[PDB]
Amino acid sequence: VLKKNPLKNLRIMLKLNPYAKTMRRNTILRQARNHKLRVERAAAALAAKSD
Amino acid sequence: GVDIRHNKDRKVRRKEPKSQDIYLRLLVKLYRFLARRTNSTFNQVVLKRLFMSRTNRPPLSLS
Amino acid sequence: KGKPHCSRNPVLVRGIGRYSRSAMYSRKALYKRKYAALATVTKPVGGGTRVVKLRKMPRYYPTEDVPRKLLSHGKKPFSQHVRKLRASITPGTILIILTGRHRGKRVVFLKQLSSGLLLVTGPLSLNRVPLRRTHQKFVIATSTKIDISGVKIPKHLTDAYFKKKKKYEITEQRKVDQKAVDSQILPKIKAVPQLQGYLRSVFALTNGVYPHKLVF
Amino acid sequence: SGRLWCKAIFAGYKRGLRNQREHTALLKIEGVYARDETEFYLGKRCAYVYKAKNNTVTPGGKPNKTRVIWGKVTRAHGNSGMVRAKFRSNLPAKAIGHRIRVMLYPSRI
Amino acid sequence: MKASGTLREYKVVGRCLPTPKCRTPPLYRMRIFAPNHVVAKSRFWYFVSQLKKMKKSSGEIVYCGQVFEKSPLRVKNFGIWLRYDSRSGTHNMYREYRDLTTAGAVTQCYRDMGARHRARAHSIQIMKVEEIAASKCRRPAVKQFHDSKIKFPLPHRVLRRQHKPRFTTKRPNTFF
Amino acid sequence: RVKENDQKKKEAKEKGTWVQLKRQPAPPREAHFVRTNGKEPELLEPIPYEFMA
Amino acid sequence: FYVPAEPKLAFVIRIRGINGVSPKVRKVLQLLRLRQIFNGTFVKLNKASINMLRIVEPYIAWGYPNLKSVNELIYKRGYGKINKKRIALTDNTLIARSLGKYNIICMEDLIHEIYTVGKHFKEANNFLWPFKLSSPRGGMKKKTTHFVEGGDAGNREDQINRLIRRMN
RNA sequence: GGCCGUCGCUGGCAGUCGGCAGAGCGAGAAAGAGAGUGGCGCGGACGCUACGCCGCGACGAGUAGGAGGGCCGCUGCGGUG
RNA sequence: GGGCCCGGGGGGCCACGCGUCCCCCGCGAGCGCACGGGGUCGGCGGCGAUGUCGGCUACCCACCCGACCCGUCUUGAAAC
RNA sequence: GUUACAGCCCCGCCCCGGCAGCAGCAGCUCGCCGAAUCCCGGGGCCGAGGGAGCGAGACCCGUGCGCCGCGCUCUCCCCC
Ligand SMILES: [Mg+2]
Ligand SMILES: [Mg+2]
Ligand SMILES: [Mg+2]
Ligand SMILES: [Mg+2]
Ligand SMILES: [Mg+2]
Ligand SMILES: [Mg+2]
Ligand SMILES: [Mg+2]
Ligand SMILES: [Mg+2]
Ligand SMILES: [Mg+2]
Ligand SMILES: [Mg+2]
Ligand SMILES: [Mg+2]
Ligand SMILES: [Mg+2]
Ligand SMILES: [Mg+2]
């Protein structure tokens, strides 16, 4: 069998570890949410530079 | 490189009879099939002994 | 019998859905959707009625056949491939076609066609370049754009319209389409100062001009 | 109506000191003298144009005496805007220090 | 030690491991100037084996952390007390540098000891680094920068970037 | 160690608790707290050179 | 002060080649299953193991690996010694078919067993064939001296993770 | 990663079991796709010189020396074409 | 911090049936997509009857790198 | 000589004085990292293997996108 890399191939990883699906679903949601909170704190800081 | 001694990697055990007689090779053709397709270890011993030389299958007397 | 919904959870990453399968079990509402439980044709003959056979067995068998091959999976044909563009090629951009018989001609981009090719027409009045296909790879993109978003490019001209047939004689449909697109583009390139003379010019590398250095 | 290629010199083959590995070529494109500027040329198609005695066919034209060996700029070499190129036939050593054309057309712009 | 990159300064503490003879052994602390924490723990055991009857396997390292500069924007005067093996004999030195950080001054000290005395890093033992007031400096190369109204040109600016025009037409200027 | 393992194997058999009988190599020593109760660690300095010979 | 536990697990990489090796060094290198240059194994530490690594310090580079280092080694260079053959860990049925009698039935069980050194570390480790790692991209500092004296041999404790990522 | 050979698995295949038919024995978990008795259309590639064919792994320096295989080569004889 | 984050008064879950009793407080079906047991196109473009196409190997030549003359005896041979 | 028409350093009390921010897109003032890590893109070389079957059963002879693996819709009903 051609050894496909689980660190590259998402589904070879899911064949070997199905919990990597939720370890990777979390920390897309987490990182996008934290990037929203980063942009929102920056916008409040710019408003405080105005106010 | 790899440090394995390649000294004893070939196992010199006998694979087939050295005889060219056709009846012994027919019995070998039968027990090759029985040795790989039965779970028994009788047929492996008998297949092995049908390979061996004359001095390794010595005569068994009646008594 | 039912109408198809679209896929409920969005594409969060490629191959990863945004909702986990318990939230998906609740979203599908599977708690309330439980479930439990030719080769012959008779023909009349004027005899009786014969029973003829469809796909009768072959009359010639070649002396050797090849075996069937295995089953790969991601090997789509060309008409189902995904079709990319660059971010630099947008409808209205001006391109530099590099390789053909129209080498170096600064030329206006219209649309991405179905086969991936660029419908590309730097006007027949200026460049002497028709409604012609080009390739994304063999084209340099100049950051000089026209607001072509309000033109009516025809729906009938597509990848089968420009594919070759078999002396090439210019059909009248090529002339009518060339005019009907040329007259829609050309006031918008006259509305920019000196753009038509830029389109009439040809691209050339000269001494001390290095393409890694000059930006466009 | 002008030049649609960049000027490169076939400097030598890919080599150690006492070994040359002539499947890989070394190219010196004009004007790029750092690895920051060689990122443009990677994957662009390079060409060794030369003319010989006998006529050979030209795609889209009559038979001329010009021939080519086509190549491909593969990766950067060294630290100073040299680059590697790999051609379909390995280049002759007739061509050392002569002009090869590095085309723009496998473009990434 | 290979005094590589820039040195960092470490607070490495440690002790002999307890026996029933001495139940709670005392902790010994040092200031190690080292490239990283692995060679800092090794250099700790070097000096502790010199000063005490204490080896690595009969002892343990309790803390090893980098100590940062408490004022890395002040230009300061460091006096470093040395001990180095020559080709003939070993010698003591006091030596003055002028950097922002103590780790920077000790990196400068290793480069300068290798420069002037051709002594490599395994010969050198830093025994005492002390930041020193400008009135207490001994060396004139450090004391000449203690001028409130300091003023000097950059006299003969040999240009670098010589190969960006390899083949230029104007001769370069060096007066700026 | 034979005799002690016979005693440790007859005992804790009716009790049922599994008792280690093989020797084991000296492990890495486990995590522990070190109390600097009061005093700070004594600062050690390399001594300067003086040629006694 | 909190002194953490001394590390129980080491990844040992062989950095020097096969030519001109002392017989006791050669024996210890073939007991750690390090028969090529840039082969790697996981070693659990104790008094026997640490002195076996002390006797071969110029020829090995080792340290205390990360969890992410265990992940990348098992997933990218992970092969199993199945029927005395090097067969790639592409399915959990392979790991279960050999090591299921130790309740190690997936890749995660084997990673947990290696990293948090388990009761059945010997069999999960000996299931793993030695790792075939490439040359270090970027390079070595110096192969012939110790890590402390500016090289690459010996214990480079936490710093073996920078070279696992450089080599794997 | 490709190819060549060697070695090992003394690995696999006689199951081409066809309207006298039912097409499987890759699968983490000692062993049966068992037999019984009461409550229209006539079809289905290759194979297997079993001294053959096939599949997996690792391996490959060499003097003196040893052994094997040569559908390498020369000359005559018994047979055969 | 740990106990399925012990227990009582807006986000995420490899959690989904009904009934009886002790105790704690084995067959649902179908249909498309695919990072899924090693590449395909159900995509094309040119040039070709007296001057061109292919032919690695073999004939001659040129260039770059390499490269001392074989047998032998010898610890050691390109050996003056 | 001691804040004056510059400043620097330390101590005490002010909530570790307080407001950012946080190993910094003042894109370099100084680190180790990622179960505390994910996404996207570009260049290069390769494409070895070749009967893996699916569903329909003795109430049928169909068909080659078939395993593992991920999850999509329908076999409920509305709304935008
Ligand atoms: Mg040998
Ligand atoms: Mg032998
Ligand atoms: Mg050596
Ligand atoms: Mg590199
Ligand atoms: Mg040596
Ligand atoms: Mg080899
Ligand atoms: Mg050999
Ligand atoms: Mg030469
Ligand atoms: Mg002689
Ligand atoms: Mg003699
Ligand atoms: Mg002699
Ligand atoms: Mg000789
Ligand atoms: Mg001589």
# chains A, B, ... in the order shown; residues from 1 in each chain; ligands from 1

call {"tool": "residues_near_ligand", "arguments": {"ligand": "ligand 7", "cutoff": "12 Å", "atoms": "only C-alpha atoms (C1' of nucleotides) and all ligand atoms", "output": "list in words"}}
result
residues 6 and 7 of chain B; 5, 6, 59, 60, 61 and 62 of chain H

call {"tool": "interface_residues", "arguments": {"of": "chain I", "to": "chain A", "cutoff": "12 Å", "atoms": "only C-alpha atoms (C1' of nucleotides)", "output": "PyMOL selection string"}}
result
chain I and resi 11-14+34-38

call {"tool": "select_by_dssp", "arguments": {"residues": "range 4-155 of chain G", "states": "alpha helix (DSSP H)", "output": "PyMOL selection string"}}
result
chain G and resi 23-31+47-54+67-76+92-99+107-115+121-127

call {"tool": "residues_near_ligand", "arguments": {"ligand": "ligand 9", "cutoff": "12 Å", "atoms": "only C-alpha atoms (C1' of nucleotides) and all ligand atoms", "output": "ChimeraX atom specification"}}
result
/I:71-74,77

call {"tool": "write_last_selection", "arguments": {"atoms": "C-alpha atoms (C1' of nucleotides)", "output": "PDB file, in the first residue's frame"}}
result
ATOM      1  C1'   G I  71      50.296  -9.173 -16.125  1.00  0.00           C
ATOM      2  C1'   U I  72      53.051 -10.191 -11.717  1.00  0.00           C
ATOM      3  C1'   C I  73      55.527 -10.979  -7.000  1.00  0.00           C
ATOM      4  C1'   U I  74      54.830  -7.661  -2.789  1.00  0.00           C
ATOM      5  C1'   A I  77      53.704  -0.779  -8.544  1.00  0.00           C
TER       6        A I  77
END

call {"tool": "residues_around", "arguments": {"residues": "range 79-91 of chain G", "least_positions_apart": "5", "cutoff": "7 Å", "atoms": "only C-alpha atoms (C1' of nucleotides)", "output": "PyMOL selection string"}}
result
(chain A and resi 3+16) or (chain G and resi 127-129) or (chain H and resi 57)

call {"tool": "write_last_selection", "arguments": {"atoms": "N, CA and C atoms (P, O5', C5', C4', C3', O3' and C1' of nucleotides)", "output": "PDB file, in the first residue's frame"}}
result
ATOM      1  N   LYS A   3       2.165   4.401   1.226  1.00  0.00           N
ATOM      2  CA  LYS A   3       2.080   5.104   2.493  1.00  0.00           C
ATOM      3  C   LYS A   3       1.786   6.572   2.253  1.00  0.00           C
ATOM      4  N   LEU A  16      -6.925   6.646  10.668  1.00  0.00           N
ATOM      5  CA  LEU A  16      -6.114   6.225  11.808  1.00  0.00           C
ATOM      6  C   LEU A  16      -6.603   6.823  13.123  1.00  0.00           C
TER       7      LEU A  16
ATOM      8  N   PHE G 127       7.714  -3.363  18.787  1.00  0.00           N
ATOM      9  CA  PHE G 127       6.863  -3.399  17.605  1.00  0.00           C
ATOM     10  C   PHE G 127       7.325  -2.393  16.568  1.00  0.00           C
ATOM     11  N   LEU G 128       7.664  -1.193  17.008  1.00  0.00           N
ATOM     12  CA  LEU G 128       8.183  -0.175  16.117  1.00  0.00           C
ATOM     13  C   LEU G 128       9.544  -0.583  15.595  1.00  0.00           C
ATOM     14  N   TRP G 129       9.674  -0.629  14.275  1.00  0.00           N
ATOM     15  CA  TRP G 129      10.969  -0.754  13.642  1.00  0.00           C
ATOM     16  C   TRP G 129      11.756   0.527  13.937  1.00  0.00           C
TER      17      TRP G 129
ATOM     18  P     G H  57       6.264  -4.402   1.437  1.00  0.00           P
ATOM     19  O5'   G H  57       7.098  -4.331   2.778  1.00  0.00           O
ATOM     20  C5'   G H  57       8.498  -4.269   2.740  1.00  0.00           C
ATOM     21  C4'   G H  57       9.125  -5.144   3.779  1.00  0.00           C
ATOM     22  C3'   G H  57      10.631  -5.134   3.729  1.00  0.00           C
ATOM     23  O3'   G H  57      11.180  -4.049   4.437  1.00  0.00           O
ATOM     24  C1'   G H  57       9.900  -7.347   3.677  1.00  0.00           C
TER      25        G H  57
END

call {"tool": "atom_distance", "arguments": {"atom1": "CA of residue 1 in chain G", "atom2": "CA of residue 118 in chain G"}}
result
28.1 Å

call {"tool": "select_by_dssp", "arguments": {"residues": "range 27-130 of chain C", "states": "strand (DSSP E or B)", "output": "mmCIF file with N, CA, C and O atoms, in the first residue's frame"}}
result
data_model
loop_
_atom_site.group_PDB
_atom_site.id
_atom_site.type_symbol
_atom_site.label_atom_id
_atom_site.label_comp_id
_atom_site.auth_asym_id
_atom_site.auth_seq_id
_atom_site.Cartn_x
_atom_site.Cartn_y
_atom_site.Cartn_z
ATOM 1 N N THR C 40 -33.970 -10.407 -24.707
ATOM 2 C CA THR C 40 -34.797 -11.076 -25.701
ATOM 3 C C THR C 40 -35.993 -10.207 -26.062
ATOM 4 O O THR C 40 -36.629 -9.618 -25.181
ATOM 5 N N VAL C 41 -36.287 -10.120 -27.361
ATOM 6 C CA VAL C 41 -37.487 -9.471 -27.881
ATOM 7 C C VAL C 41 -38.137 -10.420 -28.879
ATOM 8 O O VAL C 41 -37.487 -10.869 -29.827
ATOM 9 N N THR C 42 -39.412 -10.729 -28.672
ATOM 10 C CA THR C 42 -40.131 -11.624 -29.568
ATOM 11 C C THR C 42 -40.604 -10.855 -30.794
ATOM 12 O O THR C 42 -41.244 -9.809 -30.673
ATOM 13 N N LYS C 43 -40.294 -11.383 -31.979
ATOM 14 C CA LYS C 43 -40.669 -10.716 -33.214
ATOM 15 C C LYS C 43 -41.449 -11.650 -34.124
ATOM 16 O O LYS C 43 -41.090 -12.829 -34.243
ATOM 17 N N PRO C 44 -42.495 -11.159 -34.784
ATOM 18 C CA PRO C 44 -43.253 -12.007 -35.705
ATOM 19 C C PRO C 44 -42.511 -12.206 -37.015
ATOM 20 O O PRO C 44 -41.808 -11.321 -37.502
ATOM 21 N N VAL C 45 -42.668 -13.397 -37.581
ATOM 22 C CA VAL C 45 -42.020 -13.775 -38.831
ATOM 23 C C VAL C 45 -43.054 -14.431 -39.735
ATOM 24 O O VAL C 45 -43.795 -15.321 -39.301
ATOM 25 N N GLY C 48 -43.425 -18.530 -37.476
ATOM 26 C CA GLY C 48 -44.110 -18.194 -36.247
ATOM 27 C C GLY C 48 -43.613 -16.876 -35.694
ATOM 28 O O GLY C 48 -43.537 -15.882 -36.420
ATOM 29 N N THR C 49 -43.278 -16.853 -34.407
ATOM 30 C CA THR C 49 -42.671 -15.685 -33.787
ATOM 31 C C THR C 49 -41.297 -16.086 -33.282
ATOM 32 O O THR C 49 -41.190 -16.955 -32.414
ATOM 33 N N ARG C 50 -40.253 -15.459 -33.815
ATOM 34 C CA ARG C 50 -38.895 -15.697 -33.352
ATOM 35 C C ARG C 50 -38.632 -14.861 -32.114
ATOM 36 O O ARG C 50 -39.254 -13.816 -31.918
ATOM 37 N N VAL C 51 -37.701 -15.326 -31.286
ATOM 38 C CA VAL C 51 -37.271 -14.584 -30.109
ATOM 39 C C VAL C 51 -35.850 -14.131 -30.413
ATOM 40 O O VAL C 51 -34.882 -14.860 -30.209
ATOM 41 N N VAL C 52 -35.725 -12.911 -30.935
ATOM 42 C CA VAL C 52 -34.413 -12.412 -31.319
ATOM 43 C C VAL C 52 -33.650 -12.010 -30.070
ATOM 44 O O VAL C 52 -34.217 -11.858 -28.979
ATOM 45 N N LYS C 53 -32.352 -11.829 -30.228
ATOM 46 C CA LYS C 53 -31.449 -11.643 -29.109
ATOM 47 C C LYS C 53 -30.701 -10.337 -29.299
ATOM 48 O O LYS C 53 -30.142 -10.079 -30.367
ATOM 49 N N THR C 93 -9.361 43.477 -16.961
ATOM 50 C CA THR C 93 -7.924 43.679 -16.892
ATOM 51 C C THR C 93 -7.311 43.621 -18.285
ATOM 52 O O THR C 93 -7.904 43.112 -19.236
ATOM 53 N N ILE C 94 -6.132 44.201 -18.406
ATOM 54 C CA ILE C 94 -5.400 44.220 -19.662
ATOM 55 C C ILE C 94 -4.246 43.243 -19.556
ATOM 56 O O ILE C 94 -3.509 43.240 -18.570
ATOM 57 N N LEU C 95 -4.129 42.381 -20.545
ATOM 58 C CA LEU C 95 -3.192 41.279 -20.516
ATOM 59 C C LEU C 95 -2.154 41.459 -21.610
ATOM 60 O O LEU C 95 -2.319 42.249 -22.533
ATOM 61 N N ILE C 96 -1.079 40.697 -21.507
ATOM 62 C CA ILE C 96 0.000 40.711 -22.479
ATOM 63 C C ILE C 96 0.136 39.274 -22.952
ATOM 64 O O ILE C 96 0.656 38.423 -22.226
ATOM 65 N N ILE C 97 -0.369 38.981 -24.144
ATOM 66 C CA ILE C 97 -0.267 37.624 -24.660
ATOM 67 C C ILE C 97 1.135 37.415 -25.218
ATOM 68 O O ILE C 97 1.645 38.238 -25.983
ATOM 69 N N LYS C 105 1.251 41.634 -27.441
ATOM 70 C CA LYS C 105 0.192 42.596 -27.671
ATOM 71 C C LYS C 105 -0.621 42.816 -26.406
ATOM 72 O O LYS C 105 -1.107 41.867 -25.792
ATOM 73 N N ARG C 106 -0.738 44.080 -26.004
ATOM 74 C CA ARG C 106 -1.534 44.454 -24.839
ATOM 75 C C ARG C 106 -2.999 44.432 -25.231
ATOM 76 O O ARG C 106 -3.402 45.082 -26.198
ATOM 77 N N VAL C 107 -3.789 43.657 -24.502
ATOM 78 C CA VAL C 107 -5.017 43.056 -25.007
ATOM 79 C C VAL C 107 -5.970 42.824 -23.833
ATOM 80 O O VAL C 107 -5.534 42.444 -22.744
ATOM 81 N N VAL C 108 -7.283 43.087 -24.049
ATOM 82 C CA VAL C 108 -8.294 43.186 -22.996
ATOM 83 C C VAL C 108 -8.947 41.834 -22.726
ATOM 84 O O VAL C 108 -9.386 41.145 -23.649
ATOM 85 N N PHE C 109 -9.044 41.481 -21.443
ATOM 86 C CA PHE C 109 -9.632 40.247 -20.931
ATOM 87 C C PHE C 109 -11.140 40.364 -20.742
ATOM 88 O O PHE C 109 -11.626 41.337 -20.161
ATOM 89 N N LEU C 110 -11.883 39.367 -21.227
ATOM 90 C CA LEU C 110 -13.340 39.381 -21.109
ATOM 91 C C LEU C 110 -13.887 38.427 -20.053
ATOM 92 O O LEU C 110 -14.526 38.869 -19.098
ATOM 93 N N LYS C 111 -13.658 37.123 -20.208
ATOM 94 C CA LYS C 111 -14.267 36.156 -19.303
ATOM 95 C C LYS C 111 -13.470 34.860 -19.314
ATOM 96 O O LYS C 111 -12.799 34.522 -20.287
ATOM 97 N N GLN C 112 -13.555 34.157 -18.192
ATOM 98 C CA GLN C 112 -13.081 32.792 -18.032
ATOM 99 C C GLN C 112 -14.083 31.830 -18.656
ATOM 100 O O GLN C 112 -15.250 31.801 -18.260
ATOM 101 N N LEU C 118 -9.104 31.729 -21.317
ATOM 102 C CA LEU C 118 -9.473 33.118 -21.158
ATOM 103 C C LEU C 118 -10.061 33.615 -22.472
ATOM 104 O O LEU C 118 -9.381 33.594 -23.500
ATOM 105 N N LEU C 119 -11.322 34.034 -22.450
ATOM 106 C CA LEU C 119 -11.870 34.788 -23.567
ATOM 107 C C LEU C 119 -11.286 36.185 -23.497
ATOM 108 O O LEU C 119 -11.459 36.896 -22.504
ATOM 109 N N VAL C 120 -10.567 36.565 -24.535
ATOM 110 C CA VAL C 120 -9.599 37.644 -24.485
ATOM 111 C C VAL C 120 -9.622 38.372 -25.817
ATOM 112 O O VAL C 120 -9.449 37.764 -26.876
#

call {"tool": "closest_atom_pairs", "arguments": {"of": "chain B", "to": "ligand 1", "cutoff": "12 Å", "atoms": "only C-alpha atoms and all ligand atoms", "output": "tab-separated table"}}
result
residue	atom	partner	partner_atom_place_in_ligand_line	distance
B:2	CA	ligand 1	1 (Mg)	11.7
B:3	CA	ligand 1	1 (Mg)	10.7
B:4	CA	ligand 1	1 (Mg)	9.6
B:5	CA	ligand 1	1 (Mg)	7.5
B:6	CA	ligand 1	1 (Mg)	6.3
B:7	CA	ligand 1	1 (Mg)	7.6
B:8	CA	ligand 1	1 (Mg)	11.0
B:9	CA	ligand 1	1 (Mg)	11.2

call {"tool": "write_last_selection", "arguments": {"atoms": "N, CA and C atoms", "output": "PDB file, in the first residue's frame"}}
result
ATOM      1  N   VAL B   2      24.767  -0.437   6.602  1.00  0.00           N
ATOM      2  CA  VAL B   2      24.094  -1.159   7.670  1.00  0.00           C
ATOM      3  C   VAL B   2      25.081  -2.195   8.182  1.00  0.00           C
ATOM      4  N   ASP B   3      25.166  -2.376   9.498  1.00  0.00           N
ATOM      5  CA  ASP B   3      26.059  -3.423  10.006  1.00  0.00           C
ATOM      6  C   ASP B   3      25.258  -4.670  10.391  1.00  0.00           C
ATOM      7  N   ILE B   4      24.977  -5.454   9.361  1.00  0.00           N
ATOM      8  CA  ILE B   4      24.576  -6.844   9.475  1.00  0.00           C
ATOM      9  C   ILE B   4      25.667  -7.672   8.818  1.00  0.00           C
ATOM     10  N   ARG B   5      26.083  -8.740   9.487  1.00  0.00           N
ATOM     11  CA  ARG B   5      26.862  -9.763   8.814  1.00  0.00           C
ATOM     12  C   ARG B   5      25.940 -10.608   7.953  1.00  0.00           C
ATOM     13  N   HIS B   6      26.236 -10.672   6.655  1.00  0.00           N
ATOM     14  CA  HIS B   6      25.458 -11.451   5.699  1.00  0.00           C
ATOM     15  C   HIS B   6      25.932 -12.895   5.637  1.00  0.00           C
ATOM     16  N   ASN B   7      26.559 -13.345   6.716  1.00  0.00           N
ATOM     17  CA  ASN B   7      27.285 -14.599   6.756  1.00  0.00           C
ATOM     18  C   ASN B   7      26.339 -15.787   6.757  1.00  0.00           C
ATOM     19  N   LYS B   8      25.257 -15.692   7.516  1.00  0.00           N
ATOM     20  CA  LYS B   8      24.345 -16.796   7.745  1.00  0.00           C
ATOM     21  C   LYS B   8      22.923 -16.445   7.337  1.00  0.00           C
ATOM     22  N   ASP B   9      22.771 -15.526   6.387  1.00  0.00           N
ATOM     23  CA  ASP B   9      21.425 -15.136   6.004  1.00  0.00           C
ATOM     24  C   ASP B   9      20.771 -16.181   5.111  1.00  0.00           C
TER      25      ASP B   9
END

call {"tool": "residues_around", "arguments": {"residues": "range 36-39 of chain J", "least_positions_apart": "5", "cutoff": "8 Å", "atoms": "only C-alpha atoms (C1' of nucleotides)", "output": "list in words"}}
result
residues 24, 27, 28 and 31 of chain A

call {"tool": "interface_residues", "arguments": {"of": "chain C", "to": "chain D", "cutoff": "8 Å", "atoms": "only C-alpha atoms", "output": "CSV table (one decimal) with N, CA, C and O atoms, in the first residue's frame"}}
result
chain,number,residue,atom,x,y,z
C,86,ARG,N,-6.0,33.4,-11.4
C,86,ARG,CA,-5.2,34.2,-10.4
C,86,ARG,C,-6.1,35.3,-9.8
C,86,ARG,O,-7.2,35.5,-10.3
C,88,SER,N,-5.0,38.2,-10.0
C,88,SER,CA,-4.7,39.4,-10.8
C,88,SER,C,-5.5,39.5,-12.1
C,88,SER,O,-5.5,40.5,-12.7
C,98,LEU,N,1.8,36.3,-24.8
C,98,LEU,CA,3.2,36.2,-24.8
C,98,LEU,C,3.7,35.2,-25.9
C,98,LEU,O,4.9,35.3,-26.3
C,99,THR,N,2.9,34.3,-26.4
C,99,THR,CA,3.5,33.1,-27.0
C,99,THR,C,3.1,32.9,-28.5
C,99,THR,O,3.8,32.4,-29.3
C,103,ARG,N,2.3,38.0,-30.3
C,103,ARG,CA,3.2,38.1,-29.2
C,103,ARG,C,3.3,39.5,-28.7
C,103,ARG,O,3.5,40.4,-29.6
C,104,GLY,N,3.2,39.7,-27.4
C,104,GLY,CA,3.5,41.0,-26.9
C,104,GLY,C,2.4,42.0,-27.0
C,104,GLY,O,2.7,43.2,-26.7
C,137,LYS,N,-1.7,30.6,-18.2
C,137,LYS,CA,-0.3,30.5,-17.9
C,137,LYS,C,0.6,31.3,-18.9
C,137,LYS,O,1.5,32.0,-18.4
C,138,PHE,N,0.2,31.4,-20.1
C,138,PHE,CA,0.9,32.0,-21.2
C,138,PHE,C,0.5,33.5,-21.4
C,138,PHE,O,0.6,34.0,-22.5
C,139,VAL,N,0.2,34.1,-20.3
C,139,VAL,CA,-0.3,35.5,-20.3
C,139,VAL,C,0.2,36.2,-19.1
C,139,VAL,O,0.1,35.7,-18.0
C,140,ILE,N,0.8,37.4,-19.3
C,140,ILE,CA,1.2,38.3,-18.2
C,140,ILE,C,0.0,39.3,-17.9
C,140,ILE,O,-0.6,39.7,-18.9
C,141,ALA,N,-0.3,39.5,-16.7
C,141,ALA,CA,-1.4,40.4,-16.3
C,141,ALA,C,-0.9,41.8,-15.9
C,141,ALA,O,-0.2,41.9,-15.0
C,202,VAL,N,3.2,47.3,-28.6
C,202,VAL,CA,3.6,45.9,-28.4
C,202,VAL,C,4.6,45.9,-27.3
C,202,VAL,O,5.3,46.9,-27.0
C,203,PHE,N,4.6,44.8,-26.5
C,203,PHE,CA,5.5,44.7,-25.4
C,203,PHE,C,6.9,44.2,-25.9
C,203,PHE,O,6.9,43.3,-26.7
C,204,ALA,N,7.9,44.7,-25.3
C,204,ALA,CA,9.3,44.4,-25.7
C,204,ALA,C,10.1,44.6,-24.5
C,204,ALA,O,10.0,45.6,-23.8
C,205,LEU,N,11.0,43.6,-24.2
C,205,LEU,CA,12.1,43.8,-23.3
C,205,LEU,C,13.2,44.5,-24.0
C,205,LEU,O,13.6,44.1,-25.1
C,206,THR,N,13.8,45.5,-23.3
C,206,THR,CA,14.9,46.2,-23.9
C,206,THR,C,16.1,46.2,-22.9
C,206,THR,O,16.0,45.5,-21.9
C,208,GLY,N,18.6,46.6,-20.0
C,208,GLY,CA,18.5,47.1,-18.7
C,208,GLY,C,17.1,46.9,-18.1
C,208,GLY,O,16.8,47.4,-17.0
C,210,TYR,N,14.6,44.3,-16.7
C,210,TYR,CA,14.6,42.9,-16.1
C,210,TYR,C,13.2,42.7,-15.6
C,210,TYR,O,12.6,43.5,-14.9
C,211,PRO,N,12.6,41.5,-15.9
C,211,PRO,CA,11.2,41.3,-15.6
C,211,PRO,C,10.9,41.1,-14.1
C,211,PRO,O,9.8,41.2,-13.6
C,212,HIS,N,12.0,40.7,-13.4
C,212,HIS,CA,11.8,40.5,-11.9
C,212,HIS,C,11.8,41.9,-11.3
C,212,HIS,O,11.4,42.0,-10.1
C,213,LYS,N,12.3,42.9,-12.0
C,213,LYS,CA,12.5,44.2,-11.4
C,213,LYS,C,11.3,45.2,-11.7
C,213,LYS,O,10.8,45.8,-10.8

call {"tool": "residues_near_ligand", "arguments": {"ligand": "ligand 8", "cutoff": "8 Å", "atoms": "only C-alpha atoms (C1' of nucleotides) and all ligand atoms", "output": "list in words"}}
result
residues 64, 65 and 66 of chain I

call {"tool": "interface_residues", "arguments": {"of": "chain C", "to": "chain H", "cutoff": "12 Å", "atoms": "only C-alpha atoms (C1' of nucleotides)", "output": "list in words"}}
result
residues 38, 39, 40, 41, 42, 51, 52, 53, 54, 55, 56, 57, 58, 61, 62, 63, 64, 65, 66, 67 and 68 of chain C

call {"tool": "write_last_selection", "arguments": {"atoms": "C-alpha atoms", "output": "compact mmCIF listing (two decimals), in the first residue's frame"}}
result
# COMPACT_ATOMS: atom_id res chain seq x y z
CA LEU C 38 -34.29 -7.83 -21.35
CA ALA C 39 -31.91 -9.53 -23.74
CA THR C 40 -34.80 -11.08 -25.70
CA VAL C 41 -37.49 -9.47 -27.88
CA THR C 42 -40.13 -11.62 -29.57
CA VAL C 51 -37.27 -14.58 -30.11
CA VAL C 52 -34.41 -12.41 -31.32
CA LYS C 53 -31.45 -11.64 -29.11
CA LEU C 54 -30.00 -8.24 -28.30
CA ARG C 55 -26.19 -8.13 -28.08
CA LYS C 56 -25.53 -11.52 -29.62
CA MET C 57 -22.26 -13.19 -28.68
CA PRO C 58 -19.18 -12.02 -30.62
CA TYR C 61 -12.15 -13.38 -30.33
CA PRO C 62 -8.58 -12.05 -30.52
CA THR C 63 -5.75 -14.44 -29.72
CA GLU C 64 -4.91 -12.63 -26.47
CA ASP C 65 -6.67 -10.08 -24.26
CA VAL C 66 -5.26 -7.60 -21.76
CA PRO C 67 -6.62 -7.74 -18.19
CA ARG C 68 -8.92 -5.13 -16.71
